[PDB]
Amino acid sequence: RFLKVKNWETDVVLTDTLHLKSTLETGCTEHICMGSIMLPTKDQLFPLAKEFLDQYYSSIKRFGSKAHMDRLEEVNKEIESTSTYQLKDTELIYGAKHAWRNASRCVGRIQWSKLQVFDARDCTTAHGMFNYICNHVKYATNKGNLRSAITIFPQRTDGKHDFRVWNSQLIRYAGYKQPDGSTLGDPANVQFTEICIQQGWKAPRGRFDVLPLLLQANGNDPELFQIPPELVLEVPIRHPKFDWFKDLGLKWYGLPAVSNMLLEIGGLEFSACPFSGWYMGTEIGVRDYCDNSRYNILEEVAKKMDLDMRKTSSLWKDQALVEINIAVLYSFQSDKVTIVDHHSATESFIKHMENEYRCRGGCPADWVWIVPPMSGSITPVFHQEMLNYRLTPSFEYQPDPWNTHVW
Amino acid sequence: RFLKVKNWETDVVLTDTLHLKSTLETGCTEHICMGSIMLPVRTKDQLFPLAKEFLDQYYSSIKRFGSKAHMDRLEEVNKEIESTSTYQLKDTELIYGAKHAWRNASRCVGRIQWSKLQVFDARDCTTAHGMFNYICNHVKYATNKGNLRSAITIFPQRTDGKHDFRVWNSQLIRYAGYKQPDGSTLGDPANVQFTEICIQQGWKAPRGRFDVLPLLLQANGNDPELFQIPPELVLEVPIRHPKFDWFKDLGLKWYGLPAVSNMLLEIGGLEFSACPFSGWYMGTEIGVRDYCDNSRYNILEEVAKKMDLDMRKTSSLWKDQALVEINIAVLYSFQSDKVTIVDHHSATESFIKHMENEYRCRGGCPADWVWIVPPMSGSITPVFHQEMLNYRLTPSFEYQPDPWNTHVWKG
Ligand code: HEM
Ligand code: HEM
Ligand SMILES: Cc1cc(N)nc(C[C@@H]2CNC[C@@H]2OCCCCCc2ccccn2)c1
Ligand SMILES: Cc1cc(N)nc(C[C@@H]2CNC[C@@H]2OCCCCCc2ccccn2)c1
Ligand SMILES: C[C@H](O)[C@H](O)[C@H]1CNc2nc(N)[nH]c(=O)c2N1
Ligand SMILES: C[C@H](O)[C@H](O)[C@H]1CNc2nc(N)[nH]c(=O)c2N1
Ligand SMILES: [Zn+2]
């Protein structure tokens, strides 16, 4: 019932008790582990609210105080009467910070308590959503000195009046399938790019076109807005040694801003809750640039490096991979845009895990996502056993809205 | 019930029904996943059903399920269990069992090869000297002058648990490790404890960086005995780099034959506590883990020094750069010396083809993503993007505790 996790590099053993508070299900059973699968009423609401308010009042050292009992009382009355309830500002902020704290797939959580929370619960239209999102983008970007932020739109009611950002991230590059059957831009975004055109966007038809936002307020059909280009900090990618590198014409944006997740706090569901931090270099250099179904540039860089591409065993892909990732880090650093390398991020995460074991009794962590997509075993997380379990408040993945929306 | 897995690079989707035949436990529950945890005397009451399940699988594989031969064998085994409290496997069953334990080994990326396994039946073995001879023969056969052949040698099964056969070595061939008074380690830090046991047992240690360890062999529950593998049988490869001529002067070498000797083979409920098996290396095993783990030979600093990389910030990716060069050197060296090795790109591509084939012909392929994905360049290999289901099938290979923790010394 009390569980041990061992680091095989250091012999450090931590004991996990926090998992015993978990409530939701993993996908795993006693007979099958689904650890590598990407996606494995009034009655229901009150225990959820109580569970949350108990943890909140506990956190401010006021558990079992009159203010605790009174708030439990007030929320209970509000639920029975209105079928839902509203979080106090203090509770919203606590809940959002804890959803990040509990995100078992996030290597960046040492930072969890420094989150700027923008309360957008007074929002009523897509133009309003656009305004709030621009302000978030500008605040978060901070001229390259990135600051973590979340913007929280109104909570779900009957489920027919959802706020949604249709974009999967606030800032991404367009994808277009061309006459010769290939893809221009980001193949990840071809479907979304066409939906944007279908709704009216005028695509400049390039390789790195910042997509428009497609915003859904109150269950209405979504509307298009172009983010002010001056608000989108992009970085040209050069290499500190290879001068030909710039000729590839690659760039990436500074602000990673996930916008398709659902924030659950105390049983309430915030279906539009765009959040942002800063990049770990491998997200761009390994995944965005080198996945075969993404920009898929390994073959081009390797040719420019004059590597023996005839046999897999020359490790040409691996050599190019490293150089591509040196370039990303160098470029962001040169342009003073916050970025973190995978060695640094993972070392922070080990320090974070130790803090969480010490101060909280554990840290839910998904090793499959935490270990970086290159150089796994030379980062300390590779050797670190992790227990994965689901705590609330949480961020949950939700279906792309186009499969859901009726026009 | 049916379970689907998706490859996110190709959108290929597979359907797993094989998991329904699984009975053993994973360590996970609906409330916790233990997928990254390394480690998450039988009665007759237990033995009959396990024997039956196995013989049913065996007889199905040969297209004789329900035959007289099948029924007679069930009866024979049943009688033998109630009469002697155990039973003996037929040769054909032992072979089938060993091949299936490899086929079922969810941590093994090399399983496309599972049906080509040479099984050496050593169940007539009685002494440690006998074990030595069988292991020498295995090493010579498997090595095949660099043209490596997969093999397993199977010693007598467990009886009362007081008479176990065990190879105390974790692999047949490994290098000694020596903790120095100043706290540094000479040779392989992974093997310091075992090296100390060997020395205590009377091994004369050369005390170099790459001393092949003696075998420490326990037969029939007796105290283990030391043997030196004839050096002419131990194929090694000096490591050099195709472009960097200074690489050879690092003084590195490795052995060609990866031969796991500490696992327990379970077949039809019988336990084979000594079952050394061998294949060939994937390059990263040596170049990534053995050479670059901080707790192993830990050569990244020195290699990076000689490469004159910028070592003042981790963000120069000096570690990543040196890592790749070292792995080039390992593959080049083995290839140049005509010793079998496979790079991690080729091995993972083959594993995907194996896995899909297994889904079609068998209804699934249990696979542990945490182990299958290589320890460098993960996402540029196809297995990174492949959803896998992990579950336990028997016959199986299982971890067992090191024998020095459990052994009753006879003195
Ligand atoms: C401050 C810098 C941060 C860094 C360096 C960072 C790092 C990362 C990385 C590398 C991933 C893996 C994503 C992928 O492979 O696509 C990730 C996932 C995630 N992080 Fe962060 N993180 C940061 C901030 C945040 C913030 C501010 C939140 C929310 C407030 C957050 C919540 C998440 C969640 C929910 C996931 C899983 C996403 C999914 O399932 O698609 N992280 N983090
Ligand atoms: C023929 C070439 C083979 C290759 C290239 C190969 C590759 C590998 C690799 C890379 C691992 C992970 C090793 C590690 O990270 O330490 C592994 C694990 C394993 N393989 Fe193989 N394999 C081969 C043959 C075999 C054979 C012949 C058997 C048994 C008959 C076997 C059974 C296993 C088992 C049980 C594990 C898990 C080891 C453990 O838990 O400690 N494999 N394989
Ligand atoms: C099917 C699916 C499920 C899921 N949970 N998430 C995704 C999104 C995929 C998973 N990895 C790549 C892509 O997500 C990219 C967006 C994540 C950026 C995360 C981030 C947030 C903050 C700071 C740095 N990085 C897809
Ligand atoms: C705690 C623990 C559990 C376990 N199941 N296995 C181990 C042994 C570890 C796993 N990785 C490092 C060490 O194993 C080294 C031997 C692996 C050789 C595998 C092999 C066999 C055949 C061909 C190629 N490779 C340790
Ligand atoms: C199938 C497998 O779960 C999938 O490819 C995962 C592996 N690990 C990952 N890890 C991170 N950080 N991000 C990802 O998108 C993935 N993809
Ligand atoms: C803690 C974690 O499970 C552990 O370090 C694992 C990770 N994946 C691995 N994968 C392989 N092939 N071999 C290993 O030893 C490990 N070690
Ligand atoms: Zn699991």
Side-chain angles (χ1 to χ4, degrees), chain A residues 312-313, chain B residues 18 54 57-63 89-123 134-155 171-173 233 235 255-261 263 265-268 272 274-285 331 334-335 338-368 371-372 383 393-397:
Chain A
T312 58
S313 57
Chain B
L18 184 61
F54 171 76
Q57 293 160 189
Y58 172 71
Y59 278 90
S60 290
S61 80
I62 64 165
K63 306 280 155 176
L89 287 175
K90 297 294 199 202
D91 295 358
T92 47
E93 296 161 356
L94 183 81
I95 293 157
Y96 170 92
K99 283 177 186 192
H100 281 69
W102 184 11
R103 198 185 186 172
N104 294 335
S106 69
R107 292 169 162 173
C108 177
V109 75
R111 283 178 285 167
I112 194 173
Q113 288 292 330
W114 72 272
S115 68
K116 283 105 169 212
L117 173 63
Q118 182 61 216
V119 177
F120 295 116
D121 178 1
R123 287 174 302 165
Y134 267 114
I135 287 166
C136 283
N137 294 347
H138 174 139
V139 169
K140 195 174 179 172
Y141 173 92
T143 303
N144 190 32
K145 301 186 171 143
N147 185 198
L148 273 49
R149 296 184 285 196
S150 301
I152 179 163
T153 296
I154 306 167
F155 294 107
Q171 299 170 45
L172 299 182
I173 304 168
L233 266 33
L235 183 49
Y255 50 89
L257 186 71
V260 175
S261 57
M263 294 182 88
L265 170 56
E266 175 177 341
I267 299 166
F272 299 92
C275 59
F277 63 83
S278 60
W280 50 83
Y281 271 113
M282 184 162 80
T284 47
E285 296 179 76
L331 289 157
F334 269 62
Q335 286 171 181
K338 316 141 99 64
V339 181
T340 306
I341 196 169
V342 67
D343 70 77
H344 54 287
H345 302 288
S346 164
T348 52
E349 201 197 348
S350 293
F351 182 76
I352 288 299
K353 294 178 164 188
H354 170 69
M355 194 188 155
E356 303 185 344
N357 187 50
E358 290 282 76
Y359 270 80
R360 293 181 214 110
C361 82
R362 201 189 196 196
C365 177
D368 180 345
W371 284 55
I372 294 290
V383 291
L393 295 178
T394 50
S396 63
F397 290 109

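In what follows, chains are A, B, ... by sequence order, proteins preceding strands, each numbered from 1. What you see below is based on every heavy atom in this structure, not just the backbone, and it leaves out hydrogens, waters and symmetry mates.
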Problem set entry | B:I135 side chain near B:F155 side chain, heavy-atom distance below 4.5 Å | yes

For this session: Would you indicate whether the side-chain heavy atoms of B:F397 and B:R107 approach each other to under 4.5 Å?
Result: no

Exercise. Are any side-chain N or O atoms of B:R111 and backbone N or O atoms of B:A105, one a donor and one an acceptor, separated by less than 3.5 Å?
Worked result: yes

Exercise. For residues B:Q335 and A:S313, is any side-chain donor paired with an opposing acceptor at under 3.5 Å?
Worked result: yes

Seminar exercise, completed: Rounding to 0.5 Å, atoms CE (B:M263) and SG (B:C275) come to a distance of 8.0 Å

For this session: Heavy atoms only: give me the nearest B:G97-B:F54 pair and the separation to one decimal.
Result: CA-CE1, 4.1 Å

Seminar exercise, completed: Residues B:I154 and B:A98: closest non-hydrogen pair is CD1-CB, 4.0 Å

Exercise. Is there a side-chain contact between B:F272 and B:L89 (heavy atoms, below 4.5 Å)?
Worked result: yes

Exercise. Which value, rounded to the nearest 0.5 Å, describes the distance between B:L117 atom CG and B:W102 atom CH2?
Worked result: 5.5 Å

Exercise. Looking at side-chain heavy atoms only, is the closest gap between B:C365 and B:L18 below 4.5 Å?
Worked result: no

Exercise. Just by modelled atom types, is the B:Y141 backbone N or O under 3.5 Å from a matching donor or acceptor in the B:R149 side chain?
Worked result: yes

Exercise. Closest approach of B:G256 and B:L148, non-hydrogen atoms and distance?
Worked result: O-CD2, 3.3 Å

Exercise. With under 30° as parallel and over 60° as perpendicular, where do the rings of B:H354 and B:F351 fit, or are they tilted in between?
Worked result: tilted

Exercise. Is any side-chain heavy atom of B:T143 less than 4.5 Å from a side-chain heavy atom of B:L233?
Worked result: no

Exercise. Are any of the side-chain nitrogens in B:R123 or B:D91 under 4.0 Å away from the carboxylate oxygens of its partner?
Worked result: yes

Problem set entry | Separation of B:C108 SG from B:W114 CH2 (nearest 0.5 Å) | 13.0 Å

Exercise. Is it true that a side-chain atom of B:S106 and a backbone atom of B:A367 form a donor plus acceptor pair closer than 3.5 Å?
Worked result: no

Problem set entry | B:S150 side chain near B:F277 side chain, heavy-atom distance below 4.5 Å | no

Exercise. What is the minimum heavy-atom distance between A:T312 and B:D343, and which atoms define it?
Worked result: OG1-OD2, 2.9 Å

Exercise. How many angstroms lie between atom CZ of B:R362 and atom CG of B:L393, to the nearest 0.5 angstrom?
Worked result: 5.5 Å

Exercise. What orientation do B:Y281 and B:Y255 show, parallel under 30°, tilted 30 to 60°, or perpendicular over 60°?
Worked result: tilted

For this session: Could you pull out the closest heavy-atom pair between B:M282 and B:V109, with the gap in Å?
Result: SD-CG1, 4.1 Å

Exercise. What are the two closest non-hydrogen atoms of B:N104 and B:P395, and how far apart are they?
Worked result: ND2-O, 3.0 Å

Exercise. Is there a side-chain contact between B:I152 and B:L265 (heavy atoms, below 4.5 Å)?
Worked result: yes

Problem set entry | Straight-line distance of B:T340 OG1 to B:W280 CH2, nearest 0.5 Å | 6.5 Å

Exercise. Between B:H138 and B:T153, does any side-chain donor sit less than 3.5 Å from a side-chain acceptor?
Worked result: yes

Exercise. With side chains defined as the heavy atoms from C-beta onward, is the minimum distance between B:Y96 and B:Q57 less than 4.5 Å?
Worked result: yes

Exercise. Could you give the distance from NZ (B:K145) to CG (B:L235), rounded to the nearest 0.5 Å?
Worked result: 11.0 Å

